[PDB]
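You are given structure tokens for the same protein chain in two forms, set apart as structure 1 and structure 2.
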Structure 1
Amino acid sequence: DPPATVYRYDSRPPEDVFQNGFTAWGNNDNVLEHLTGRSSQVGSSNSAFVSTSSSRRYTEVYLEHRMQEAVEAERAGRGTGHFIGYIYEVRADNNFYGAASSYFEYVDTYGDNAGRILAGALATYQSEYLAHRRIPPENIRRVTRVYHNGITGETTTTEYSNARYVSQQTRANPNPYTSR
């Protein structure tokens, strides 16, 4: 079945996320622009989607990469090396859509052939799920905080549960996302 639980790395703390949920950047509803990295923060910063992963490890690799960038910066004399990152554990519902199936629906209908046909399961956004527009706070179950001390190298991990989380039987949508 589609996953009931997904994960999201984010820099923002639970005082924000546990109360307000996640809100997408904007109204850019183009799935292909989102999945290929064009409409999030380092691009046009207007995507209508919020990425998550069914694989906790995927989000841990993301956190580890961002922490390592802070470390490299300290060594280059460009920062103190400190880093705080968060991994949120989230209940998926019918407003969460598989990236792989959504990608294929889009490119089969509107794409050219680039990456349409030669696109295996491990290669094609294997574990990514897109929440459309919002991840409400009631879906956000808990968070792991990882703090790296840039000066001593000590890394400390803590956990917090969201009092606003609602436990209900939901899973991600079985169908691809389609706009409109």
Structure 2
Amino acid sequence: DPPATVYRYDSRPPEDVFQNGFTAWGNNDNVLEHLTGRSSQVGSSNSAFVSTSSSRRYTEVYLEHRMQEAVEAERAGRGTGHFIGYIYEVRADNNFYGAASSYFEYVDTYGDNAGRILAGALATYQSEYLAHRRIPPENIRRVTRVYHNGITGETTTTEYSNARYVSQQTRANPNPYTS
């Protein structure tokens, strides 16, 4: 039963995301390259997928890693220590494809003699959903803004809804992504 709702941590604020949605980095729709990172590398940032998770908690884990990175950067003199991260709640539709399922389909076709995802990561990927090319702003319901002052340790959480959100009865695609 594919999720009707997924979540995405992003550093981009709602003035950007609620107007533009999320857009992928390039036109490379190779699922294995997205999941392993080949299509996310500097000099190689061309994936056609926008990642989301059906687990809000997992997006909070992502946010909290980035928060700690900002705290550590300030301690080292490479940042202000003022971190802002955002968790977006997104309506999934047939343009959203399960990562684990898409991986298994990729392997069934091309094998794994070379590119192989470890079991621990693949288990996380059961909750990862890949939106092809973009997530329109009409799919984005609301945002949670998390501010953290690295120097004082103080945090706030604030909520805003997206006026452009369009309600529809959709859920993620039940099938793997195929190129």
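The term rigid core refers to the maximal set of C-alpha atoms that superpose within 1.5 Å between the two forms. Residue numbering: sequential along structure 1, first residue numbered 1.
Trainee: Which single residue of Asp93, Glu74, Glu89, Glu105, after superposing the core, moves its CA by 2 Å or more between the two structures?
Mentor: Among the listed residues, the outlier is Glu74.
Trainee: So that I can tell if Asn28 moves, could you say whether its C-alpha shifts by at least 2 Å between the two structures after the core superposition?
Mentor: No, the C-alpha position differs by under 2 Å between the two structures.
Trainee: Can a Cα shift of no less than 2 Å be assigned to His65 between the two structures, given superposition on the rigid core?
Mentor: Comparing forms between the two structures, the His65 CA shifts below 2 Å.
Trainee: Superposing on the rigid core, does the Cα of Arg116 end up 2 Å or more away between the two structures?
Mentor: It does, since the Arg116 C-alpha is displaced 2 Å or more between the two structures after the core fit.
Trainee: After superposing on the rigid core, what is the C-alpha displacement of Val146 between the two structures, in Å?
Mentor: Here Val146 registers a C-alpha shift of 0.4 Å.
Trainee: If the rigid core is lined up, how many Å does the C-alpha atom of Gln126 shift between the two structures?
Mentor: In the core superposition between the two structures, the C-alpha of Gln126 moves 1.9 Å.
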